[PDB]
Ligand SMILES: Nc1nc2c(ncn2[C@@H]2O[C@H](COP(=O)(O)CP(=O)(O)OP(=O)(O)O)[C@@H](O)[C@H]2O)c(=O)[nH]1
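Okay, so here's just one chain, in structure tokens, the form solved without the ligand.
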């Protein structure tokens, strides 16, 4: 889906545990790594798209998550023109991203990377929140560090409440 003017709305998910580790995964047939994410379908809300795309990425469903935080501002970015697909219509030049921190309810056991017959991810790991930002390129880094910092303050207190 693209909205109209070559932007498209998008959402992403972060999970942490009470050790201050965040989930990270690696998409099938890539060897590069990302936070779980997906597009808002036309007429979805950001939170509905979050729960939908969570199922598509992690196989996880609403039952075994809770929203602990979400981005107050949208993390927008423009692509460099090498990645722009001028040949197709409408052309994408950027997206707005809303992110959501959930805590896993049963823990990492409730992840299934093969929702479809094809695994959507080739790999997954749990990592400290700042480690991830190191692997990505400049414009994804900017988003990924925002995604971490925006929710980081909840994670500290989420280790201490041991909000159960």
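Positions refer to the first chain, counted from 1.
A second form of this protein, the form solved in complex with the ligand, is not displayed here; the remarks below concern that form.
Novice: Using the spot the ligand takes in the bound PDB entry, and overlaying the site C-alphas onto this chain, is the pocket open or blocked (blocked: 3 or more ligand atoms within 2.4 Å of backbone or C-beta atoms)?
Specialist: Open: no clashes with backbone or C-beta.
Novice: Non-hydrogen atoms within 4.5 angstroms of the ligand in the bound PDB entry: do 32, 83 and 120 all have one?
Specialist: Yes.
Novice: Can you work out whether residue 98 and the ligand are in contact in the bound PDB entry, taking contact to mean some heavy atom pair no more than 4.5 Å apart?
Specialist: Answer no; every heavy atom of residue 98 is more than 4.5 Å from the ligand in the bound PDB entry.
Novice: For residue 109, is any heavy atom within 4.5 Å of the ligand in the bound PDB entry, or not?
Specialist: Although the ligand is absent here, residue 109 would stay clear of it in the bound PDB entry, with no heavy atoms inside 4.5 Å.
Novice: Within 4.5 Å, heavy atoms only: does residue 55 come near the ligand in the bound PDB entry?
Specialist: No - in the bound PDB entry, heavy atoms of residue 55 and the ligand never come within 4.5 Å of each other.
Novice: Would residue 18 show up as a contact with the ligand in the bound PDB entry if we use heavy atoms at 4.5 Å?
Specialist: No, residue 18 sits far enough from the ligand in the bound PDB entry that none of its heavy atoms falls within 4.5 Å.
Novice: Can you tell me which bits of 41-64 touch the ligand in the bound PDB entry, meaning any heavy atom within 4.5 Å?
Specialist: Residues within 4.5 Å: none.
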